[PDB]
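Presented below, as structure tokens, is a lone chain in the form deposited in one PDB entry.
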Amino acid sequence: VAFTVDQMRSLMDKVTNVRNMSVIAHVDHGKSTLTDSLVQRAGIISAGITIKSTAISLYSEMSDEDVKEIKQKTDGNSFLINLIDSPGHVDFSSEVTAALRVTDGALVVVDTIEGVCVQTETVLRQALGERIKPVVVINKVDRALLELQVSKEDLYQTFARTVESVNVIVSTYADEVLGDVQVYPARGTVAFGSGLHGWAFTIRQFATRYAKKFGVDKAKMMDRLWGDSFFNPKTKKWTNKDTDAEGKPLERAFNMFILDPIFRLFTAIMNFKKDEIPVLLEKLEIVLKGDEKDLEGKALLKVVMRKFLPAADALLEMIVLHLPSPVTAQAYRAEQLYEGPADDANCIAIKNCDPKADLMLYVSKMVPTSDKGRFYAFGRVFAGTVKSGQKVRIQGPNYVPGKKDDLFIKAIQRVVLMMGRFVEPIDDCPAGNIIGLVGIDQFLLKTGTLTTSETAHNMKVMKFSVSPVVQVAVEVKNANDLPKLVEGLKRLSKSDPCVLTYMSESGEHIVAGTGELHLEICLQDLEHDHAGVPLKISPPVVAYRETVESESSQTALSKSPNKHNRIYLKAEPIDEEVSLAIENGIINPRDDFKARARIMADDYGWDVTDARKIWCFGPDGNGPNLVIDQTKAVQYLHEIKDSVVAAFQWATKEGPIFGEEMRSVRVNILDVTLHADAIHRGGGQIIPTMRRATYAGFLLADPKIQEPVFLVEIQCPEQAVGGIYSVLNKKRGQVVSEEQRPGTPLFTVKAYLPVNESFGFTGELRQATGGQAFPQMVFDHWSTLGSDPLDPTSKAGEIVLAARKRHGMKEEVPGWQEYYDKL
């Protein structure tokens, strides 16, 4: 259905008639299939710039008496439904949470035969933790009929057990502040059908049919169409007794009025009984058209079924009638989603879904666009209204009301509707609606909170990190495909803000990610989409850091190739506080050298003399490494500054130990001697001198290496929590805390896990918890190894040696004399 921007706005205005929900289903259970039925039926089209489909808009219309059955405030017959896209595998736990956090309802798909799988159960558990209301659809009924050839009663009992399993999970993990939220077929919160053939139904749909021909309000009718209600065909009487007077078995209403009609069609059509089919179709008033009237077998069955019981209608029915609106849901979701006081003005504004109050917009993810390499901020307005041009407070993850850390007060370019793959600019957007934002991707990496109050805290933050802790070397198998790989890496880097493609000094094409799985799919996307050429990929390697933890035993000295220039320097460790400050923007390279110096002196115990003489950061001109000018009366010193800085950028990117980046390394230039003539002190002369002096100084300051460490957060039922510790105990894991969700048997375990111990971690955790555990890990900190990297037998040295061999370097780490002036 095509709509104009005006109609969309009028639709987003009545937020009581909006449905924010997602689909919880295993890929193998026709998740995408049922989703297709919805978009092909109620998908909203709009009467240039494309994006990666993140959300879909659906429109549903109902009757005055249909709306009356809705137990929440409503306004009109029109309904706007936001179908939020979700990951295909639970391994993508971080983005599973992101999807659920911006939703209020959930369509849970389960299989007829296999019932509820372990994955779906785990995800549903998380959804309930977010206080999300579920509606269930039992999919793949076709298999029970065509393959298993079950009886009507068998099929019924199968559904009953399925519904029972689901409600055991619901009653256990649903929050008590929501009331009875279990699903009941007789109440219309459970649908049955087959996405494959495109048909589905609810008890309410059949209740509407028989309501008339039984002279009964459909309320009482559908109460009978499930459970122990029996209509005696001989007496034309209703009963709760499954036997007549003579003790003969009675068929339940569900089997008689619902399953029987379906079973009869399946039997008539699939057995090619050309004489029955017509009579059977007229009976149910199923009209075919020309070409369709010649079909047979599955072909005919698919056409008859999907026009007899259109799948999308059954689903939309439940969604509109039973899934909560933003107004209803936010009333009990606010506290949970606000990392601050519950009686705050903003938290209250979220409970009331107040369009007038201060803006409270949640950014769940950044979406790749065709507008160059820019990303659009995808999220949801919980309070106030977002407007094009409106200047907002962009609060990053580490932001806290009081400090100005992780804060950016900028203006929103354009507010846009995210219609799947397309974008539609609009003026404003009231609270309760999902929306996209333009011109924020340079202040938000992924997640964040947008406000307008100078006292508002962040909303429940989703931990993320861009730090590339794992990487691989990418190489083409056929040398002619080189150009295709070059542009492939270029566009892989644009499809995700957390992916990193660069070139080492040796020319290698490097691809770095945030985790094993993350890097895995990136290399799959690269070899099939962004490049498409056969690739030679090396085994995954963990990124390390080179550091020093003491001052250079002696002054480092290095001469230029022409022997006319000398640099005297000394290396020393930088405090972790300072390194963190630099990585957190507190100490900024782009900052006023005097304002920055005051901060380092006052808050970090630096000599403001030194702090004012910072020449550069590194690597990339912003890393946790510094060059301090501590020379006295050196002529033309400023004329080599650009060369010294350049040398530092290369020195800090690939250290002398084994080619890894430096961290927390401070270099003090003590003295410099230069040739009077500028011809003999250019870049070619100074750069090598500075680099080698830096190396010499580094190796004189007892070198060390640092390893990346994850912070892991795991949800898991008390019963299987034991497996979590079993796995951590052989991964050098370190338990931070164990907390239990009050009332439920769900435990949250947080622990530190070395990145080089995390390979195949989710697989082992899966194995050890029966798939009950829900892993979630983000880069936390760097950890210095105690062992000596210069010792080939030690833990650190063992790592070094392996890397050096792998890079074709000389096995033994070079001595400082190698880079020191040869004399």
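From 1 onward, residues are counted along the sequence shown. The term rigid core refers to the maximal set of C-alpha atoms that superpose within 1.5 Å between the two forms.
*Asks:* Between residue 47 and residue 48, what class does the number of missing deposited residues fall in: none, 1 to 3, 4 to 9, or 10 or more?
*Replies:* Gap size class: 10 or more residues without coordinates, per the record.
*Asks:* Taking only the CA atoms, which stretch has the higher mean B-factor in the record, 685-693 or 729-737?
*Replies:* Higher mean C-alpha B-factor: 729-737.
*Asks:* May I ask you to compare 661-669 and 384-392 by their mean CA B factor in the entry and name the higher one?
*Replies:* According to the entry, 384-392 carries the higher average C-alpha B-factor.
*Asks:* Per the entry, which of 426, 265, 256, 100 tops the list for Cα B factor?
*Replies:* Going by the entry's C-alpha B-factors, 426 comes out highest.
*Asks:* If you check the C-alpha B-factor for each of 193, 655, 397, 105 in the entry, which is highest?
*Replies:* Answer, based on the entry's C-alpha B-factors: 397.
*Asks:* Grab the CA temperature factor for residue 649 from the record and place it in the lowest, middle or highest third of its chain.
*Replies:* Within its chain, residue 649 is a lowest-third residue by C-alpha B-factor, going by the deposited values.
*Asks:* Relative to the other modelled residues of the same chain, rank the CA B-factor of residue 154 and answer lowest, middle or highest third.
*Replies:* According to the entry, residue 154 has a C-alpha B-factor in the chain's lowest third.
*Asks:* How does the C-alpha B factor of residue 249 compare with the rest of the chain: lowest, middle or highest third?
*Replies:* Bottom third by C-alpha B-factor.
*Asks:* Using the B-factors in the PDB entry, rank residue 545's C-alpha atom against the chain and give the third, lowest, middle or highest.
*Replies:* It belongs to the lowest third of the chain when residues are ordered by C-alpha B-factor.
*Asks:* Going by the CA temperature factor in the PDB record, which third of the chain does residue 746 belong to: lowest, middle or highest?
*Replies:* Middle third.
If you look for the form deposited in another entry, you will not find it shown, but the lines that follow are about it.
*Asks:* Which residue, chosen from 601, 348, 169, 150, moves its CA by 2 Å or more between this form and the one not shown under a rigid core superposition?
*Replies:* Only 601 moves by 2 Å or more at its C-alpha.
*Asks:* For residue 180, does the CA position differ by 2 Å or more between this form and the one not shown when the superposition is done on the rigid core?
*Replies:* The answer is no; the displacement is under 2 Å.
*Asks:* Return yes or no for residue 652: a CA shift of at least 2 Å between this form and the one not shown, with the rigid core superposed?
*Replies:* After core superposition, the displacement of the residue 652 C-alpha between this form and the one not shown reaches the 2 Å mark, so yes.
*Asks:* Once both forms sit on the same rigid core, is the C-alpha displacement of residue 203 at or above 2 Å between this form and the one not shown?
*Replies:* No: residue 203 shifts by under 2 Å between this form and the one not shown.
*Asks:* Where do residue 128 and residue 771 end up in the other form, Cα atoms closer or farther than shown, with a change of 3 Å or more?
*Replies:* Their C-alpha distance shrinks by at least 3 Å in the other form.
*Asks:* Once you account for a change of 3 Å or more, let me know if residue 125 and residue 769 sit closer or farther in the other form, using their C-alpha atoms.
*Replies:* Closer: residue 125 and residue 769 approach by 3 Å or more in the other form.
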